[PDB]
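A.B. asks: Take this structure first; my questions come after.
Protein chains in written order, with PDB author numbering: chain B, 3 to 341; chain A, 3 to 341.
Structure representation (structure tokens):
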């Protein structure tokens, strides 16, 4: 008996894997590290914060003073900052908090991850989770958070392009892969979209960057507008696929369109900027900004969907230059999961 | 009811994944490529050769035209050049020839492998294997031929340091992993050493670089005779483990020592040079050379064990620069498995 908690559920804290590169002394901070400080400072202001870094001294030294009591630093090696794809999945088993430690292999083996796929285990053995919280070893099944999206009702939303990656769980059949999700996460239905990809995306179309649940019966998604753009043809196909989706009660979902981020990139490589990659936390919502007249729209639409929490836009261009955004560098844990 | 075929068994050809500019060899392609051409040539002289490369044209150009009729070329994407660890494992399933595709993830996700872990499937699709050759999908189990060693008598020799690596099959239990080998390879017994390893080694102690089966009743192994070295302690202990081993018929194995490769390394990082890393092919034994007065003693002992094959020595210093020798870039296929 399992239940996959939704993001908006009351949180205990948010985990962040600080960039490993940073270790040298300097007068200022790079565009990317100031970004993590911004995120870490947004979270630390509403709830506790967990940090996997190369040395506590830098972190505590960068984040606001005497706000440190909400800061938990763990010195452990890492290969990247995508806590969302390698972090532990929080869920309830027979009413008790449990952590599913799925396997992360660099998004289909695209990048070394010998350190990231160890982070969750070290953190558990190190006593990071609440006393009693079990660690359900699922290292035999590759799966990343970004590809996971639920409503807390046993409904899972993902993408086939990801769930059926040749370097993920190709050794299992389609059904075996879906059943594992239903048994690991206790989900009753898996709604996997076959359309939807973002240029610059090395994750293989994570539902994490296209469509998301804001409540038990609402889904926000990136709707393209320019039919001459390279995304329009598939994004439109996706939107038509969501219209099909029925809510648990049998009724159609309330779909809220999100503006397509403007073509922003560095070099002949277009970046996957997306407003869908927002972080929901206690009393607030962190929404990526890319310095365009569009992110002001994404803030209004998100603010209306969350009149309860405060929408806080964080510039995530230094992150999109790394083919990823805000939500990709975070992993939340609900109340009673952390010590 | 399976059988894992030994290395000395008659072969149809050998596979090689040719290096390129899109690989780590980039800053020394000409140094390592002159090695491959040396190994390719030797193999193309006793049997056929399969090479996965970026463009057929270039490979044929470097190899002698007198041997183009045995040279096969498949243009497929690759990340590295270790056909030994990502290549397909040959075995007979009830007399019928079969190929097992085991997952390879960069030796524990230490390096990107999204391309290499696809060479086998891509090849089986391009019809590289003769009709009738089943392609057993074992992608659910991480395993590289470099950690495997058999006698063809149902015995397998490996190493705990590799078999129980945290990024290999941690999703499975110690006993579980061993039962997969017994099933996947049909081996009755799996003898795993808990001692032995090379300094600059990155494969986590592949048996491929320590003990080796030369015949159903003999084992060549790396011998350490200098207690002042950092390898003495570990190697001497391993020596005992091998001494404890016994053939399936009770009798103890014949243990012929091999000289610890002379200390050879570039910069400050010591290189994992090994004479145990040879390759047995129809009528010949390819052994690595490190321009040392020992690569003369090792060739001799090897010529003795195989008084029925030509003993060729290829300088594998460059190969070793990237931590790896001759045997690690090759993969033999029994006669009747290739078209």
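We put the beta carbon where it would ideally sit given N, CA and C, even for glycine.
Taking 9 Å as the CB-CB cut-off, is residue 100 of chain B touching chain A?
C.D. replies: Here residue 100 of chain B refers to the residue found at position 98 when the first chain is read from its first residue. False, the Cβ-Cβ gap to chain A never drops below 9 Å.
A.B. asks: Could you tell me which of B/84, B/85 and B/49 sits nearest to residue 70 of chain B, measuring between CA atoms?
C.D. replies: Taking the first residue of the first chain as position 1, residue 70 of chain B is located at position 68. Nearest option by C-alpha distance: B/49.
A.B. asks: If we call anything under 9 Å between Cβ atoms a contact, is residue 218 of chain A one with residue 191 of chain A?
C.D. replies: If you number the second chain from 1, residue 218 of chain A lands on position 216. If you number the second chain from 1, residue 191 of chain A lands on position 189. No. Outside cutoff.
A.B. asks: Return yes when the Cβ of residue 16 of chain A is within less than 9 Å of the Cβ of residue 334 of chain A, no when it is not.
C.D. replies: What you label residue 334 of chain A is simply residue 332 of the second chain in a count that begins at 1. What you label residue 16 of chain A is simply residue 14 of the second chain in a count that begins at 1. Yes, Cβ-Cβ distance for residue 334 of chain A and residue 16 of chain A is below 9 Å.
A.B. asks: Would you tell me roughly how many angstroms separate the C-alpha atoms of residue 22 of chain A and residue 28 of chain A, rounded to the nearest one?
C.D. replies: Sequence index remark: in the second chain, residue 22 of chain A carries index 20 (1-based). Sequence index remark: in the second chain, residue 28 of chain A carries index 26 (1-based). Roughly 6 Å separates the two Cα atoms.
A.B. asks: Excluding the 5 residues preceding and the 5 following residue 139 of chain A in the sequence, name in chain order all residues of the same chain whose CB lies nearer than 7 Å to its CB.
C.D. replies: Here residue 139 of chain A refers to the residue found at position 137 when the second chain is read from its first residue. Cβ within range, chain order: 103.
A.B. asks: Within 9 Å of any Cβ in chain A, is that where the Cβ of residue 239 of chain B sits?
C.D. replies: Translated into positions along the first chain, residue 239 of chain B becomes position 237. Not an interface residue.
A.B. asks: Please classify residue 323 of chain A as buried or exposed, where buried requires at least 16 neighbouring CB atoms within 10 angstroms.
C.D. replies: Locating residue 323 of chain A in the second chain gives position 321, counting from the first residue. Result: buried.
A.B. asks: So the candidates are A/39, A/91, A/321 and A/220; which of them puts its Cα closest to the Cα of residue 67 of chain A?
C.D. replies: Numbered from 1 along the second chain, position 65 holds the residue referred to as residue 67 of chain A. Nearest of A/39, A/91, A/321 and A/220 to residue 67 of chain A, Cα basis: A/39.
A.B. asks: Can you give me the Cβ contacts of residue 175 of chain A inside the same chain, cut-off strictly under 8 Å, excluding the 5 residues immediately before and after it?
C.D. replies: Numbered from its first residue, the second chain carries residue 175 of chain A at position 173. Cβ neighbours of residue 175 of chain A beyond the five flanking positions: none.
A.B. asks: State the DSSP-derived secondary structure class of residue 150 of chain A, mapped to helix, strand or coil.
C.D. replies: Here residue 150 of chain A is taken as the residue at index 148 of the second chain, counted from 1. Here residue 150 of chain A sits in coil by DSSP.
A.B. asks: Strictly under 9 Å for the Cβ-Cβ distance: is residue 123 of chain B near chain A by that measure?
C.D. replies: On the first chain, position 121 is the one that residue 123 of chain B refers to. Judged by the 9 Å Cβ criterion, residue 123 of chain B is in contact with chain A.
A.B. asks: If you draw a straight line from the C-alpha of residue 293 of chain A to the C-alpha of residue 189 of chain A, how long is it?
C.D. replies: Start at 1 with the first residue of the second chain, and residue 293 of chain A comes out as number 291. Start at 1 with the first residue of the second chain, and residue 189 of chain A comes out as number 187. So the alpha carbons of these two residues sit roughly 38 Å apart.
A.B. asks: Could you tell me the alpha carbon to alpha carbon distance between residue 85 of chain A and residue 298 of chain A, rounded to whole angstroms?
C.D. replies: Counted from its first residue, the second chain places residue 85 of chain A at position 83. Counted from its first residue, the second chain places residue 298 of chain A at position 296. Taking the straight line joining both Cα atoms gives about 27 Å.
A.B. asks: Does any CB atom of chain C fall closer than 9 Å to the CB of residue 141 of chain B?
C.D. replies: Among the chains of the structure shown, chain C does not appear; the protein chains present are B and A.
A.B. asks: Is it true that the stretch 112-123 of chain A meets the stretch 145-153 of chain A, where meeting means three or more beta-carbon pairs spaced less than 8 Å apart?
C.D. replies: Segments in contact, no.
A.B. asks: Using three-state DSSP, classify residue 128 of chain A as helix, strand or coil.
C.D. replies: Against the second chain, residue 128 of chain A aligns to sequence position 126. In this structure, residue 128 of chain A counts as coil in the three-state DSSP scheme.
A.B. asks: Using CA atoms only, rank isn't needed, just tell me which of B/173, B/7, B/193 and B/146 is closest to residue 93 of chain B.
C.D. replies: Against the first chain, residue 93 of chain B aligns to sequence position 91. Selected option, being the one with the closest Cα: B/7.
A.B. asks: For residue 353 of chain A, go through chain B and note every residue whose CB falls closer than 7 Å to its CB, in chain order.
C.D. replies: No answer is possible for residue 353 of chain A: it lies beyond the span of chain A, which begins at 3 and ends at 341.
A.B. asks: Can you tell me where the alpha helix (DSSP H) holding residue 194 of chain B begins and where it ends?
C.D. replies: In the first chain, the residue the question calls residue 194 of chain B occupies position 192. Here residue 194 of chain B belongs to no alpha helix (DSSP H); instead the beta strand (DSSP E) covers 191-195.
A.B. asks: Hey, how far is the Cα of residue 327 of chain B from the Cα of residue 318 of chain B?
C.D. replies: Residue 327 of chain B sits at position 325 when you count from the first residue of the first chain. Residue 318 of chain B sits at position 316 when you count from the first residue of the first chain. If you take the alpha carbons of residue 327 of chain B and residue 318 of chain B, they lie about 6 Å apart.
A.B. asks: When the distance is taken between beta carbons, is residue 329 of chain A closer than 9 Å to residue 108 of chain B?
C.D. replies: Position 106 of the first chain, counting from 1, holds the residue named residue 108 of chain B. Position 327 of the second chain, counting from 1, holds the residue named residue 329 of chain A. No, the Cβ-Cβ distance between residue 108 of chain B and residue 329 of chain A is not below 9 Å.
A.B. asks: Verify the CB distance criterion: does residue 108 of chain B have a CB-CB separation below 9 Å to chain A?
C.D. replies: Locating residue 108 of chain B in the first chain gives position 106, where the first residue counts as 1. Chain A contact via Cβ: present.
A.B. asks: Using a Cβ cut-off of 9 Å (strictly closer), state whether residue 90 of chain A contacts chain B.
C.D. replies: The residue you call residue 90 of chain A lines up with position 88 of the second chain. Cβ-Cβ to chain B under 9 Å: no for residue 90 of chain A.
A.B. asks: Contact between the stretch 239-250 of chain B and the stretch 192-199 of chain B: three or more CB pairs below 8 Å?
C.D. replies: They touch, by the three-pair rule.
A.B. asks: Please identify the residue among A/325, A/280, A/265 and A/83 whose C-alpha is closest to the C-alpha of residue 56 of chain A.
C.D. replies: What you label residue 56 of chain A is simply residue 54 of the second chain in a count that begins at 1. Looking at the Cα atoms, A/83 is the closest of the given residues.
A.B. asks: What did DSSP end up calling residue 301 of chain B once you bin it into helix, strand or coil?
C.D. replies: Indexing the first chain from 1 puts residue 301 of chain B at position 299. Three-state DSSP puts residue 301 of chain B in a helix.
A.B. asks: If I follow the unbroken alpha helix (DSSP H) through residue 238 of chain B, where does it start and stop?
C.D. replies: Taking the first chain and counting its residues from 1, the one referred to as residue 238 of chain B is at position 236. Here the alpha helix (DSSP H) through residue 238 of chain B covers 234-246.
A.B. asks: Residues of chain A with CB under 7 Å from residue 174 of chain B, in chain order?
C.D. replies: Taking the first residue of the first chain as 1, we reach residue 174 of chain B at position 172. Within chain A, the residues near residue 174 of chain B are 142.
A.B. asks: Would residue 315 of chain A and residue 289 of chain A be called neighbours here (beta carbons separated by less than 9 Å)?
C.D. replies: What you label residue 315 of chain A is simply residue 313 of the second chain in a count that begins at 1. What you label residue 289 of chain A is simply residue 287 of the second chain in a count that begins at 1. Taking 9 Å as the Cβ cut-off, residue 315 of chain A and residue 289 of chain A qualify as a contacting pair.
A.B. asks: DSSP three-state call for residue 38 of chain A: helix, strand or coil?
C.D. replies: Taking the second chain and counting its residues from 1, the one referred to as residue 38 of chain A is at position 36. Helix at residue 38 of chain A.
A.B. asks: How would you call residue 208 of chain B, buried or exposed, if buried means at least 16 neighbouring beta carbons within 10 angstroms?
C.D. replies: Indexing the first chain from 1 puts residue 208 of chain B at position 206. Answer is buried; the Cβ neighbour count reaches 16.
A.B. asks: Based on Cα-Cα distance, which residue from B/167, B/265, B/213 and B/165 lies nearest to residue 279 of chain B?
C.D. replies: The residue you call residue 279 of chain B lines up with position 277 of the first chain. For residue 279 of chain B, the nearest C-alpha among the options comes from B/213.
A.B. asks: Return the CA-CA distance between residue 47 of chain A and residue 284 of chain A, expressed in angstroms with no decimal places.
C.D. replies: Translated into the one-based positions of the second chain, residue 47 of chain A becomes position 45. Translated into the one-based positions of the second chain, residue 284 of chain A becomes position 282. Looking at the two C-alpha atoms, the distance is approximately 10 Å.
A.B. asks: On the DSSP bridge assignment, give the partners of residue 94 of chain A in chain order.
C.D. replies: Working through the second chain from its first residue, we reach residue 94 of chain A at position 92. Answer is A/5 and A/99.
A.B. asks: Quick check on residue 143 of chain A: does DSSP put it in helix, strand or coil?
C.D. replies: Within the second chain, the letter at position 141 stands for residue 143 of chain A. Three-state DSSP puts residue 143 of chain A in a strand.
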